[PDB]
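One structure is given here, and the rest of the page talks about it.
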Amino acid sequence: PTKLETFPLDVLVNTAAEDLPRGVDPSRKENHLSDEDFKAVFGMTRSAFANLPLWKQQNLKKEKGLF
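Structure below.
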């Protein structure tokens, strides 16, 4: 629920895992979204998202190509 270095949504969605920027964990792409992008993509706070059951977090990310 802790925002890390920001990267554009397109970089996170269209880049192969091994080609992602230093420090970007492919399994935690949402933490690299800007606050604006996070709100636009998920429509909830990061804390709210992190408190969702894992299956829901994954399903939401899958629908957005962020899993």
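With the authors' numbering applied, the sequence shown corresponds to residues 10 to 76, in that order.
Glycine included, each C-beta is placed from N, C-alpha and C at the ideal position.
- In the pairwise beta carbon analysis, the segment 26 to 46 is classified as touching the segment 10 to 17: at least three pairs are separated by under 8 Å.
- For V50, the enclosing alpha helix (DSSP H) begins and ends at 44 to 51.
- Apart from sequence neighbours up to five positions away, the residues of its chain that approach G32 with a beta-carbon distance below 8 Å are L13, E14, ordered along the chain.
- Taken through DSSP and simplified to helix, strand or coil, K38 comes out as helix.
- Burial state of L21 is buried, judged by a 10 Å Cβ sphere holding 16 or more other Cβ atoms.
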